[PDB]
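Report on the following structure.
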Amino acid sequence: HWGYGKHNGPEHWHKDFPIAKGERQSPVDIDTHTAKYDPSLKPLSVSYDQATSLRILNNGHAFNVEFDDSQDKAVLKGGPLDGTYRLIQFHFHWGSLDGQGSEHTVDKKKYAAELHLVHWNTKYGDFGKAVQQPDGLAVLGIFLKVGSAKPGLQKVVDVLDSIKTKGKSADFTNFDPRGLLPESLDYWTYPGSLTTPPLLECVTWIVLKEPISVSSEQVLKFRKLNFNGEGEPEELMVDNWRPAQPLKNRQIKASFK
Ligand SMILES: NS(=O)(=O)c1c(F)c(F)c(-n2cc(CC3CCCCC3)nn2)c(F)c1F
Ligand SMILES: [Zn+2]
């Protein structure tokens with residue numbers, strides 16, 4: 001099945017998921033000079049004060065921190081969005097080296113990692129219905145650069161030893177995702193897709209301009225995770241990113257000048 005290796009990686013995905021060559025695939029390069037300020041774009045509304053984290057899971061491609069999305073507890077609204085999108089999970093993509101790892105790029109620059117806070121449009125009732133809709137998901141993307149530690153990330157780092165291999169999960173309650181956000185909510189936005197199979201074209205991407213800084217020790221601990229299951233040959237979970245895809249008939253909009 002699909003993964004990030006030589007023989008099952010992004011260049012192969014189109015054989016099982018032809019939408020890989022579709023008209024609104026993600027990620028993309030964000031050409032900052034070509035993005036257009038849209039003065040009518042509203043500020044983002046990130047309402048995470050009542051967020052209820054439940055569990056962290058190594059799913060063999062990344063780790064997901066999962067939330068209770070059975071009520072409007074942690075929601076994203078405003079910006080380019082109409083309606084209310086509920087936080088279901090967050091996860092990261094990262095590199096084997098500090099100079100690669102992000103999915104989106106900025107003027108072709110790659111960051112060490114990229115955080116995806118995944119939200120679904122409540123008008124569709126559940127996440128599985130939402131992914132079948134062009135406006136089903138809103139994913140808030142945040143770049144990570146290596147420098148100072150991010151204190152709000154440490155609880156995540158601390159638990160990774162307990163979910164080293166594919167299929168392992170751990171309780172992960174009372175985690176506050178507000179601790180993962182940069183100061184500014186200035187963003188770029190465009191219509192795109194899931195960046196892993198099934199690559200569905202259901203995402204409004206909202207990518208923050210300001211990266212967060214994480215320490216070298218923090219990202220080193222991401223790189224100690226495994227793609228494999230327990231008792232299988234060890235394959236370090238690194239370079240779990242899809243490269244930039246063609247922009248095609250899309251314009252990236254900026255919330256800021
Ligand atoms: N990196 S990302 O764009 O933010 C990103 C995500 F946030 C995802 F949640 C998924 N994801 C995994 C499933 C399983 C089922 C696929 C279809 C039926 C319901 C769910 N669906 N969506 C995904 F593939 C992805 F690429
Ligand atoms: Zn992702």
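Just follow the structure's listing: the first ligand is 1, and inside any ligand the first atom is 1. We number each residue from 1, following the sequence as shown.
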Would you call [X] a ligand 1 contact, heavy-atom distance under 4.0 Å?
X    : result
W241 : no
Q132 : no
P197 : yes

Just need the protein heavy atom nearest to [atom], so name the residue and atom and give the distance.
atom                    : answer
atom 3 (O) of ligand 1  : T195 N, 3.1 Å
atom 7 (F) of ligand 1  : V118 CG2, 2.8 Å
atom 20 (C) of ligand 1 : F127 CE2, 3.6 Å
atom 24 (F) of ligand 1 : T196 OG1, 2.6 Å

Exercise. What are the atoms of ligand 1, with element, lying closer than 4.0 Å to any heavy atom of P198?
Worked result: 16 (C)
Exercise. Is any N or O atom of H91, backbone or side chain, closer than 3.5 Å to an N or O atom of ligand 1?
Worked result: yes
Exercise. Cation over ring, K209 on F256, under 6.0 Å and within 45°?
Worked result: yes
Exercise. Do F17 and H12 make the cut of ring centroids closer than 6.0 angstrom?
Worked result: no
Problem set entry | Metal site the Zn ion (ligand 2), protein N/O/S atoms found under 2.8 Å | 3
